[PDB]
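Written below as structure tokens is the structure these notes are about.
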Amino acid sequence: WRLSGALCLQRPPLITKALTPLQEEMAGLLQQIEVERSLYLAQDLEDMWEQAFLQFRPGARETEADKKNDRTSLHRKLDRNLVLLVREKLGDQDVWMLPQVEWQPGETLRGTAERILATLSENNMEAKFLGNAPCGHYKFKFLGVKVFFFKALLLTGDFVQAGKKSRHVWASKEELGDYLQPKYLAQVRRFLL
Amino acid sequence: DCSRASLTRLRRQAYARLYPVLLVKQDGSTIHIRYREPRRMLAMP
Amino acid sequence: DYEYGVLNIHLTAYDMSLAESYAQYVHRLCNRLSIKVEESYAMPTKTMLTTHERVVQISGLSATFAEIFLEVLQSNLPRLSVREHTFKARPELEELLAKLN
Amino acid sequence: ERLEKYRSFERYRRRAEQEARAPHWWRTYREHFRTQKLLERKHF
Amino acid sequence: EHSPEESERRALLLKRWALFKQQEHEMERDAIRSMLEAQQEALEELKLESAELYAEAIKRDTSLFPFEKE
Amino acid sequence: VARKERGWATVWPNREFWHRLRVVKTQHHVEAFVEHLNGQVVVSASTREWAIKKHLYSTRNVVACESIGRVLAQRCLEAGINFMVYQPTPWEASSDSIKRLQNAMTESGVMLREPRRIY
RNA sequence: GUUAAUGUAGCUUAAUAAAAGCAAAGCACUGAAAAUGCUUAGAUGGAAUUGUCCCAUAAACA
């Protein structure tokens, strides 16, 4: 029986999404009471400070509009999390799959997950593994192959070779679902958020 | 949800008026804070 | 089969209210998740400006529970820290005396 | 330990009152001493 | 002193905030249930495949903490 | 001259009452019941009843407690029971709704203090 | 279509004599939490009778 292990890479969003109007009005309410409970040319200095914010380039809340189709680029999304998804081509079946590398019983699951990054990611960016319990097991047969879907969160985002010839795409949830055509893969999104 | 805990009101027992200012970080990120003085922005070196 | 130790969480933020507001918030989530919190201590201001830091005690954790919990904590954050930890009353001792007698 | 402890006296009082009505083997003080209409309600 | 209309306006927006927060709580609670069920479901999946692997896996990692993430 | 339970010194609520008016606040509904020593509810007023709730905007409200108090009083007045003993807990007594409901009983003529038995 | 699921509101073997109780949320409050007060939300997609069909849905076979 063929042995295969999959790593579900995760990246946290850099910047939070904008507040909803109901959040905004509550922000006004807490500010309004904040003034109520508070105890009691500066504008020229204030103008100098406010423009100093403008000159310094700020981190955009969402880079999707600028990136658009830069899926291979690591920072595909800033508002939401990212899942690394890398095409795996095989003779029996060629389908878009999650980062996968063989797994051996002697090597523990975390060690297998580390090898997936060391064998496929091959980049400075680092990921951390929390629990040794797998996040999903899905088997597709033609020959029967079982894939172990481990999970990984990105400690750092120092991606190397952003434009790998390999078809690596970072998809938060939606673009990921489309690629995962087989129902076994489609179910991989059960633990994904 | 980051905004789940970000949005809160001051329940402290009395305090001086705090004005909104941005602590601009060297990587371009910004964070809202309430400061005692009527400033506008702060810069992390 | 081994069980996690009691791990303290140090929440340091620019605003005293925000640090405490997150500190109380995590406790509420901890209580909902059935996480025991022994104490919610506050540290002195870091006089130089100042910074405010609050300890939220956490006791009891599991491998699966750890994975989900910290992930939730990351999203909940609007500076996180996770570290292993480092006068009795009259009734407490009276029971204590009998056991050792 | 695992079971929750009453944080309010009222909930215990409801539990205490419920038990009093419920029968017990030991001697106790008590022993010695359409659809369419509903739809209309929802509319109202 | 705030006028009754001012309190009415502040109360009105308070109702909107409370309604949304309760909706978030249900959504957040359901999200945790989905997260837990999937994670718990993942636990059972490999148990059928090979329970022996879990005996090592279920043991906690002492070196995992202290771990700080933003 | 009817008897009253004069014991239960260590146990609260006191049993020294011919009739006790117990008001129960549920998660969504508030109900008031008058019961005899036997515990049988002679007269019951509940917001869950269709007639009241159709005319009552929100099942749980301070005014709803006021409304049920007046409604129960009329049921009590027509029944002929004018005197009862109500012993709210300290926080229950502090509750404005219970105070408002009690005010309805007083204005409606219902008295929450019964007279002591005569020998 | 075969196997298999899933069908009162988070929970209940609450209910067919009247769609209930509990859990849960927010606000006031201040060590924290809790309590307390003011408030917020919801269902039988469903027919059986006790204390399986049923169509729908969605899976392995297909």
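In the structure tokens, the first chain shown is A, the next is B, and so on; residue numbers restart at 1 for each chain, and ligands run from 1 in the order shown.
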Which of range 4-99 of chain F fall in helix (DSSP H, G or I), as a PyMOL selection string: chain F and resi 50-55+62-79+90-94+96-99
Next item on the list: Output as a list in words the set of chain B residues within 12 Å of chain E, with distances taken over only C-alpha atoms.
Entry: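 The contacting residues on chain B are residues 1, 2, 3, 4, 5 and 7 of chain B.
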Put those residues in a file: C-alpha atoms, as a tab-separated table (two decimals), in the first residue's frame.
chain	number	residue	atom	x	y	z
B	1	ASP	CA	-11.62	37.86	15.15
B	2	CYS	CA	-9.11	40.59	15.96
B	3	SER	CA	-11.82	43.26	16.22
B	4	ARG	CA	-13.64	41.10	18.78
B	5	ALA	CA	-11.39	42.38	21.59
B	7	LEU	CA	-13.38	47.43	20.32
message = Give me the residues near range 91-97 of chain A as an NGL selection string, where near means some atom within 10 Å (using only C-alpha atoms (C1' of nucleotides)) and where sequence neighbours in that chain fewer than 3 positions away do not count.
response = :A and (6 or 84-88 or 100 or 140-143 or 167-169 or 176 or 178-182 or 185)
Export of the given selection (N, CA, C and O atoms) as a CSV table (one decimal), in the first residue's frame:
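Saved the output as result02.csv:
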chain,number,residue,atom,x,y,z
A,6,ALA,N,0.6,14.5,3.4
A,6,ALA,CA,0.2,15.9,3.0
A,6,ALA,C,0.3,16.9,4.2
A,6,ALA,O,-0.1,16.5,5.3
A,84,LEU,N,-1.2,26.8,1.5
A,84,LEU,CA,-0.4,26.5,0.3
A,84,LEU,C,-1.0,25.2,-0.4
A,84,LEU,O,-1.3,24.2,0.3
A,85,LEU,N,-1.1,25.3,-1.7
A,85,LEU,CA,-1.7,24.3,-2.5
A,85,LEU,C,-0.8,24.1,-3.7
A,85,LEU,O,-0.6,25.0,-4.5
A,86,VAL,N,-0.2,22.9,-3.9
A,86,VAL,CA,0.8,22.6,-4.9
A,86,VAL,C,0.4,21.5,-5.8
A,86,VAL,O,0.0,20.4,-5.2
A,87,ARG,N,0.3,21.7,-7.1
A,87,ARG,CA,0.0,20.6,-8.0
A,87,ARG,C,0.9,19.4,-7.8
A,87,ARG,O,2.1,19.5,-7.7
A,88,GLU,N,0.3,18.2,-7.8
A,88,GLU,CA,1.0,16.9,-7.8
A,88,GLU,C,0.6,16.1,-9.0
A,88,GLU,O,-0.6,15.7,-9.1
A,100,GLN,N,2.5,17.5,-0.7
A,100,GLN,CA,2.5,16.1,-0.4
A,100,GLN,C,3.9,15.5,-0.6
A,100,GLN,O,4.6,15.8,-1.6
A,140,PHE,N,-7.5,7.9,-2.1
A,140,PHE,CA,-8.0,7.8,-3.5
A,140,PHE,C,-7.4,6.6,-4.1
A,140,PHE,O,-6.2,6.4,-4.1
A,141,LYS,N,-8.2,5.7,-4.7
A,141,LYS,CA,-7.8,4.5,-5.3
A,141,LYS,C,-8.1,4.5,-6.8
A,141,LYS,O,-8.9,5.2,-7.3
A,142,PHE,N,-7.3,3.7,-7.5
A,142,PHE,CA,-7.4,3.6,-9.0
A,142,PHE,C,-7.8,2.2,-9.4
A,142,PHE,O,-7.4,1.7,-10.5
A,143,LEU,N,-4.6,0.3,-7.7
A,143,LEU,CA,-3.7,1.0,-6.9
A,143,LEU,C,-4.4,1.9,-5.9
A,143,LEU,O,-5.3,2.7,-6.2
A,167,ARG,N,3.6,24.4,-9.8
A,167,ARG,CA,2.3,25.1,-9.7
A,167,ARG,C,1.9,25.2,-8.3
A,167,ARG,O,1.1,24.4,-7.8
A,168,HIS,N,2.5,26.1,-7.5
A,168,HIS,CA,2.1,26.4,-6.1
A,168,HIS,C,1.2,27.6,-6.0
A,168,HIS,O,1.6,28.7,-6.5
A,169,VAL,N,0.0,27.4,-5.4
A,169,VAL,CA,-0.9,28.5,-5.3
A,169,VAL,C,-1.4,28.6,-3.9
A,169,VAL,O,-1.7,27.6,-3.2
A,176,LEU,N,-9.1,27.5,-3.0
A,176,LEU,CA,-8.7,26.2,-2.6
A,176,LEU,C,-9.7,25.2,-3.0
A,176,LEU,O,-9.5,24.1,-3.6
A,178,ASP,N,-12.1,25.2,-5.2
A,178,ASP,CA,-12.2,24.9,-6.7
A,178,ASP,C,-11.2,23.9,-7.2
A,178,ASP,O,-11.5,23.0,-7.9
A,179,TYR,N,-9.9,24.1,-6.8
A,179,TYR,CA,-8.9,23.2,-7.2
A,179,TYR,C,-9.1,21.8,-6.7
A,179,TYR,O,-8.8,20.8,-7.4
A,180,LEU,N,-9.5,21.7,-5.4
A,180,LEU,CA,-9.7,20.3,-4.8
A,180,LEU,C,-10.9,19.7,-5.4
A,180,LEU,O,-11.9,19.5,-4.8
A,181,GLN,N,-10.8,19.3,-6.7
A,181,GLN,CA,-12.0,18.7,-7.4
A,181,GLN,C,-12.5,17.4,-6.8
A,181,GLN,O,-13.7,17.3,-6.5
A,182,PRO,N,-11.6,16.4,-6.6
A,182,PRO,CA,-12.1,15.1,-6.0
A,182,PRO,C,-12.7,15.3,-4.7
A,182,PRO,O,-12.3,16.2,-3.9
A,185,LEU,N,-10.4,15.2,-1.7
A,185,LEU,CA,-9.8,16.5,-1.5
A,185,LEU,C,-10.8,17.5,-1.0
A,185,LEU,O,-10.5,18.3,-0.1
task: For chain G, list the residues within 12 Å of chain B, counting only C-alpha atoms (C1' of nucleotides), and write the list as a PyMOL selection string.
output: chain G and resi 28-31
Requested in this report: Please identify every residue of chain D that has at least one atom no more than 10 Å from any atom of chain G, counting only C-alpha atoms (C1' of nucleotides), and report them as number ranges by chain.
Outcome: D: 7-9, 38
Practice task
Pick out the residues sitting within 10 Å of residue 119 in chain F, and hand them over as a PyMOL selection string; count only C-alpha atoms (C1' of nucleotides), and ignore anything fewer than 2 positions along from it in its own chain.
Solution key: chain F and resi 1-3+116-117
- Task: Identify, on the basis of only C-alpha atoms (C1' of nucleotides), every residue whose closest approach to residue 19 in chain E does not exceed 9 Å; exclude the query and any residue fewer than 4 positions from it along the same chain; express the result as a PyMOL selection string.
- Result: (chain E and resi 14-15+23-24) or (chain G and resi 25-26+40-41)
Residue hits in chain C, query chain D, radius 12 Å, only C-alpha atoms, as a ChimeraX atom specification:
/C:31,34,36
Excluding same-chain residues fewer than 5 positions from residue 6 in chain D, what lies within 12 Å of it counting only C-alpha atoms (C1' of nucleotides), as a PDB file with N, CA, C and O atoms (P, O5', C5', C4', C3', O3' and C1' of nucleotides), in the first residue's frame?
ATOM      1  N   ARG D  11     -31.119  29.212  41.144  1.00  0.00           N
ATOM      2  CA  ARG D  11     -31.112  27.942  40.423  1.00  0.00           C
ATOM      3  C   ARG D  11     -31.152  26.766  41.391  1.00  0.00           C
ATOM      4  O   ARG D  11     -31.849  25.775  41.144  1.00  0.00           O
ATOM      5  N   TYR D  12     -30.413  26.857  42.499  1.00  0.00           N
ATOM      6  CA  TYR D  12     -30.504  25.824  43.524  1.00  0.00           C
ATOM      7  C   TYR D  12     -31.905  25.771  44.119  1.00  0.00           C
ATOM      8  O   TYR D  12     -32.432  24.687  44.392  1.00  0.00           O
ATOM      9  N   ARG D  13     -32.524  26.936  44.327  1.00  0.00           N
ATOM     10  CA  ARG D  13     -33.882  26.963  44.856  1.00  0.00           C
ATOM     11  C   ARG D  13     -34.843  26.240  43.921  1.00  0.00           C
ATOM     12  O   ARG D  13     -35.707  25.479  44.373  1.00  0.00           O
ATOM     13  N   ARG D  14     -34.709  26.464  42.612  1.00  0.00           N
ATOM     14  CA  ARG D  14     -35.531  25.731  41.656  1.00  0.00           C
ATOM     15  C   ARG D  14     -35.272  24.234  41.752  1.00  0.00           C
ATOM     16  O   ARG D  14     -36.211  23.429  41.730  1.00  0.00           O
ATOM     17  N   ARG D  15     -34.000  23.842  41.860  1.00  0.00           N
ATOM     18  CA  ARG D  15     -33.680  22.431  42.040  1.00  0.00           C
ATOM     19  C   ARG D  15     -34.247  21.906  43.352  1.00  0.00           C
ATOM     20  O   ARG D  15     -34.806  20.804  43.400  1.00  0.00           O
ATOM     21  N   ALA D  16     -34.114  22.682  44.430  1.00  0.00           N
ATOM     22  CA  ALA D  16     -34.655  22.255  45.715  1.00  0.00           C
ATOM     23  C   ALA D  16     -36.171  22.127  45.657  1.00  0.00           C
ATOM     24  O   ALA D  16     -36.739  21.147  46.155  1.00  0.00           O
TER      25      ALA D  16
ATOM     26  P     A G  34     -18.478  35.910  34.329  1.00  0.00           P
ATOM     27  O5'   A G  34     -19.157  35.477  35.703  1.00  0.00           O
ATOM     28  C5'   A G  34     -19.256  34.109  36.072  1.00  0.00           C
ATOM     29  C4'   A G  34     -19.637  33.955  37.524  1.00  0.00           C
ATOM     30  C3'   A G  34     -20.996  34.516  37.917  1.00  0.00           C
ATOM     31  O3'   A G  34     -22.063  33.629  37.635  1.00  0.00           O
ATOM     32  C1'   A G  34     -19.366  35.272  39.449  1.00  0.00           C
ATOM     33  P     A G  35     -23.499  34.203  37.197  1.00  0.00           P
ATOM     34  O5'   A G  35     -24.037  34.928  38.509  1.00  0.00           O
ATOM     35  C5'   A G  35     -24.299  34.189  39.692  1.00  0.00           C
ATOM     36  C4'   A G  35     -24.527  35.096  40.873  1.00  0.00           C
ATOM     37  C3'   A G  35     -25.697  36.059  40.751  1.00  0.00           C
ATOM     38  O3'   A G  35     -26.936  35.456  41.080  1.00  0.00           O
ATOM     39  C1'   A G  35     -23.784  37.238  41.480  1.00  0.00           C
TER      40        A G  35
END
Counting only C-alpha atoms, which residues of range 1-46 of chain E fall within 10 Å of range 26-46 of chain A, and what is the closest atom pair for each with its distance in Å at one decimal, ordered by chain and rising number, as a tab-separated table?
residue	atom	partner	partner_atom	distance
E:10	CA	A:29	CA	7.0
E:11	CA	A:29	CA	9.7
E:13	CA	A:26	CA	7.1
E:14	CA	A:26	CA	7.1
E:16	CA	A:26	CA	9.0
E:17	CA	A:26	CA	6.7
E:18	CA	A:26	CA	9.8
* Once you count only C-alpha atoms, which residues of chain A turn out to be within 9 Å of chain E? Could you give them as an MDAnalysis selection string? -> chainID A and resid 22:23 25:26 29 105 108:110 129:138 148 155 190:193
Just-selected residues, N, CA, C and O atoms written as an mmCIF file, in the first residue's frame:
data_model
loop_
_atom_site.group_PDB
_atom_site.id
_atom_site.type_symbol
_atom_site.label_atom_id
_atom_site.label_comp_id
_atom_site.auth_asym_id
_atom_site.auth_seq_id
_atom_site.Cartn_x
_atom_site.Cartn_y
_atom_site.Cartn_z
ATOM 1 N N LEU A 22 -21.981 48.878 12.087
ATOM 2 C CA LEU A 22 -22.430 48.624 13.451
ATOM 3 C C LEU A 22 -21.259 48.607 14.423
ATOM 4 O O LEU A 22 -21.406 49.010 15.582
ATOM 5 N N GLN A 23 -20.095 48.126 13.980
ATOM 6 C CA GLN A 23 -18.891 48.259 14.791
ATOM 7 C C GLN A 23 -18.475 49.719 14.913
ATOM 8 O O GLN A 23 -18.044 50.162 15.985
ATOM 9 N N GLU A 25 -20.350 52.500 14.807
ATOM 10 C CA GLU A 25 -21.208 53.259 15.712
ATOM 11 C C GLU A 25 -20.912 52.912 17.165
ATOM 12 O O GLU A 25 -20.912 53.793 18.034
ATOM 13 N N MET A 26 -20.655 51.635 17.451
ATOM 14 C CA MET A 26 -20.243 51.255 18.797
ATOM 15 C C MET A 26 -18.914 51.901 19.161
ATOM 16 O O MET A 26 -18.707 52.315 20.308
ATOM 17 N N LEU A 29 -19.797 55.180 20.242
ATOM 18 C CA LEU A 29 -20.429 55.180 21.558
ATOM 19 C C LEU A 29 -19.391 55.082 22.669
ATOM 20 O O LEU A 29 -19.446 55.835 23.649
ATOM 21 N N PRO A 105 6.803 4.890 8.395
ATOM 22 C CA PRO A 105 6.457 4.630 9.804
ATOM 23 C C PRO A 105 7.566 4.997 10.777
ATOM 24 O O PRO A 105 7.284 5.542 11.852
ATOM 25 N N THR A 108 8.300 9.988 12.553
ATOM 26 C CA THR A 108 7.066 10.417 13.190
ATOM 27 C C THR A 108 6.336 11.423 12.303
ATOM 28 O O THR A 108 6.907 12.012 11.381
ATOM 29 N N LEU A 109 5.047 11.612 12.595
ATOM 30 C CA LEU A 109 4.209 12.439 11.732
ATOM 31 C C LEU A 109 4.757 13.856 11.617
ATOM 32 O O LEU A 109 4.807 14.422 10.518
ATOM 33 N N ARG A 110 5.172 14.451 12.737
ATOM 34 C CA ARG A 110 5.760 15.785 12.685
ATOM 35 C C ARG A 110 7.014 15.791 11.820
ATOM 36 O O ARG A 110 7.202 16.681 10.983
ATOM 37 N N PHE A 129 4.529 23.235 14.032
ATOM 38 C CA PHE A 129 3.566 22.149 14.166
ATOM 39 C C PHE A 129 3.174 22.038 15.633
ATOM 40 O O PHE A 129 4.041 21.885 16.501
ATOM 41 N N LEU A 130 1.871 22.113 15.907
ATOM 42 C CA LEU A 130 1.377 22.155 17.280
ATOM 43 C C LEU A 130 1.077 20.761 17.821
ATOM 44 O O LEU A 130 1.681 20.328 18.808
ATOM 45 N N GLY A 131 0.153 20.051 17.186
ATOM 46 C CA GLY A 131 -0.282 18.738 17.638
ATOM 47 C C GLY A 131 0.186 17.655 16.682
ATOM 48 O O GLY A 131 0.149 17.833 15.461
ATOM 49 N N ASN A 132 0.628 16.533 17.248
ATOM 50 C CA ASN A 132 1.059 15.398 16.445
ATOM 51 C C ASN A 132 -0.107 14.630 15.837
ATOM 52 O O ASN A 132 0.120 13.773 14.976
ATOM 53 N N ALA A 133 -1.334 14.913 16.257
ATOM 54 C CA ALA A 133 -2.494 14.257 15.668
ATOM 55 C C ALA A 133 -2.740 14.801 14.264
ATOM 56 O O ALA A 133 -2.714 16.021 14.066
ATOM 57 N N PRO A 134 -2.979 13.945 13.271
ATOM 58 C CA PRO A 134 -3.253 14.450 11.922
ATOM 59 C C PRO A 134 -4.589 15.171 11.853
ATOM 60 O O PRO A 134 -5.508 14.904 12.630
ATOM 61 N N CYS A 135 -4.684 16.101 10.907
ATOM 62 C CA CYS A 135 -5.904 16.867 10.689
ATOM 63 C C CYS A 135 -6.813 16.252 9.633
ATOM 64 O O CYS A 135 -7.918 16.762 9.418
ATOM 65 N N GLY A 136 -6.387 15.177 8.973
ATOM 66 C CA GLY A 136 -7.226 14.525 7.987
ATOM 67 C C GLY A 136 -6.516 13.431 7.217
ATOM 68 O O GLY A 136 -5.327 13.550 6.905
ATOM 69 N N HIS A 137 -7.233 12.349 6.917
ATOM 70 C CA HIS A 137 -6.715 11.252 6.109
ATOM 71 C C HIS A 137 -7.714 10.961 5.000
ATOM 72 O O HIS A 137 -8.889 10.696 5.277
ATOM 73 N N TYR A 138 -7.251 11.010 3.753
ATOM 74 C CA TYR A 138 -8.114 10.815 2.596
ATOM 75 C C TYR A 138 -7.411 9.909 1.600
ATOM 76 O O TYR A 138 -6.267 10.172 1.220
ATOM 77 N N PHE A 148 -1.975 11.620 4.189
ATOM 78 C CA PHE A 148 -2.081 12.107 5.561
ATOM 79 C C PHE A 148 -2.017 13.630 5.525
ATOM 80 O O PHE A 148 -0.985 14.203 5.165
ATOM 81 N N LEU A 155 5.306 30.558 10.818
ATOM 82 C CA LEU A 155 5.961 31.479 11.742
ATOM 83 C C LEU A 155 6.446 32.730 11.021
ATOM 84 O O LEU A 155 6.276 33.849 11.521
ATOM 85 N N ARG A 190 -12.871 20.526 5.500
ATOM 86 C CA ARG A 190 -13.697 20.447 6.700
ATOM 87 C C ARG A 190 -13.013 21.129 7.881
ATOM 88 O O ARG A 190 -13.646 21.883 8.628
ATOM 89 N N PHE A 191 -11.714 20.877 8.063
ATOM 90 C CA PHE A 191 -10.976 21.521 9.144
ATOM 91 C C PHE A 191 -10.424 22.883 8.742
ATOM 92 O O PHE A 191 -10.028 23.657 9.620
ATOM 93 N N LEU A 192 -10.388 23.192 7.449
ATOM 94 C CA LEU A 192 -9.938 24.504 7.008
ATOM 95 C C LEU A 192 -10.994 25.560 7.309
ATOM 96 O O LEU A 192 -12.200 25.296 7.279
ATOM 97 N N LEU A 193 -10.526 26.768 7.602
ATOM 98 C CA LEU A 193 -11.406 27.865 7.984
ATOM 99 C C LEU A 193 -11.308 29.019 6.991
ATOM 100 O O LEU A 193 -10.230 29.570 6.769
#
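Among G:1, G:7, G:13, G:21, the residue with the shortest atom-to-atom distance to residue 47 in chain G, counting only C-alpha atoms (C1' of nucleotides), is G:7.
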Quick one: residues within 12 Å of residue 77 in chain C, only C-alpha atoms (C1' of nucleotides), excluding same-chain residues fewer than 4 positions away - as a list in words?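 Returned residues: residues 12, 13, 15 and 16 of chain A; 1, 2, 3, 4, 5, 6 and 7 of chain B; 11, 12, 13, 18, 19, 21, 22, 23, 25, 26, 70, 71, 72, 73 and 81 of chain C; 69 and 70 of chain E.
What separates CA of residue 69 in chain A from CA of residue 172 in chain A is a distance of 13.8 Å.
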### Query
Using the chain letters and numbers from this document, which residues of chain A does DSSP assign to strand (DSSP E), as JSON, numbers by chain?
{"A": [2, 3, 4, 5, 6, 7, 8, 9, 10, 11, 38, 39, 82, 83, 84, 85, 86, 87, 88, 89, 94, 95, 96, 97, 100, 101, 127, 128, 137, 138, 139, 140, 141, 144, 145, 146, 147, 148, 149, 150, 151, 152, 153, 154, 168, 169, 170, 171]}
The distance between CA of residue 53 in chain A and CA of residue 41 in chain B is 6.9 Å
